[PDB]
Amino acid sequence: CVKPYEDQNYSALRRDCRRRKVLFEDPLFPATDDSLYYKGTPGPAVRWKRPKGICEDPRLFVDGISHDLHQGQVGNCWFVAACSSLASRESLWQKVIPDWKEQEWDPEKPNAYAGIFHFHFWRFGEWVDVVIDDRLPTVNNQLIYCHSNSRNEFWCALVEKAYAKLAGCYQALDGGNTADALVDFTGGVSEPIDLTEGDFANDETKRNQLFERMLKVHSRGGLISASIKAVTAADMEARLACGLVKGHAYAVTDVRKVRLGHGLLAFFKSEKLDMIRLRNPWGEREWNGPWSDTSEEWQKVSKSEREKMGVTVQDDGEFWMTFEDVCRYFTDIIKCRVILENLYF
């Protein structure tokens, strides 16, 4: 059985609260400024509210897991990236969020609810079970850390609160990063690649090397995310000319060699292309360049043929780029190999 974090038994505490008809209040991560800021740091005055008090009909998922994500006024972009990737694959987010339908709110049987949730994380070679109450920071009845576009959706917010419990307090998460978060989420191993320290845009042969590895990781069920390094503070969330955002990271949802049919060779001058599909976790795609759905390249290829090639999308959140452009515009790739042994036990 999965090891309880800090001697907290979810189902025991839950069934207690139900028998007593009270909503769980966590003693080890209380609804107070100590769960928020470092000792003696002055932070914003906050109001901890329960989801009912934020928006009626509260849900873990409104429809499905991958609605837009926002970090908020004081949340961390890297955590949004990490949640986006985690949301990619049912097998993974369903590991961090156990028995999701047992946890989800139910309008019928309302006395199911007990203000309590539990998640799994991978720390020091084992799955720990982190228990929390569902009270969250609020300012103008609005979540100020991570949340989704749908104001009655909470999975991202609660996963965050739990992750912050593991770090000690919210403000600690400013030190984290997408790579380590994916390891804590999947049990795997992370590897970063710095594109501007590797000069992949200016090589091709190593770029092919890198690409083949990514084909390998993704085909094996690993996770990849691509980010643009915001170096200065003035860089944070600056839009590039091609539309991508400095300081954001984009979840790779497909990596693929595509073969183009004869007759396209006239325009493209190649038979095979190294392609990536990414998701913008923050909403509708932004990419302007080749293979944006508004690009000459996209328009030169019939829907019939894109379908045959597999250059499709689930929604306007996704977008295709050639791996040459990926190396031209991104600064880093996180490459988190999944380890299957760690999931099955």
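Numbers for residues come from their place in the sequence shown, where the first is 1.
Residues without coordinates, deposited sequence, stretch from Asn280 to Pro281: is the count none, 1 to 3, 4 to 9, or 10 or more? Nothing is missing.
On average, which has the higher Cα B-factor in the deposited entry, 289-297 or 37-45? Here the higher of the two C-alpha B-factor means belongs to 37-45.
Decide which of the stretches 232-240 and 182-190 has the higher mean C-alpha B-factor, going by the entry. That would be 232-240.
Highest Cα B-factor in the PDB entry belongs to which of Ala226, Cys77, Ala201, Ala157? Across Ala226, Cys77, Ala201, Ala157, the entry lists the biggest C-alpha B-factor for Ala201.
By the CA temperature factor listed in this entry, which of these ranks top: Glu153, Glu90, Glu108, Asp174? Max CA B-factor in the entry, restricted to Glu153, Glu90, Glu108, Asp174: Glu108.
Please place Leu340 in the lowest, middle or highest third of its chain by C-alpha B factor as given in the entry. Its C-alpha B-factor belongs to the middle third of this chain's values.
For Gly317, the third of its chain into which the C-alpha B factor falls: Lowest third of the chain for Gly317's C-alpha B-factor.
Going by the recorded CA B-factors, say which third of the chain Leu210 sits in, lowest, middle or highest. Tercile = highest for this residue's CA B-factor.
Could you place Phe268 in the lowest, middle or highest third of its chain by Cα temperature factor, using the values in the record? It belongs to the highest third of the chain when residues are ordered by C-alpha B-factor.
Third of the chain's Cα B-factor distribution that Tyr170 belongs to, per the entry: It belongs to the lowest third of the chain when residues are ordered by C-alpha B-factor.
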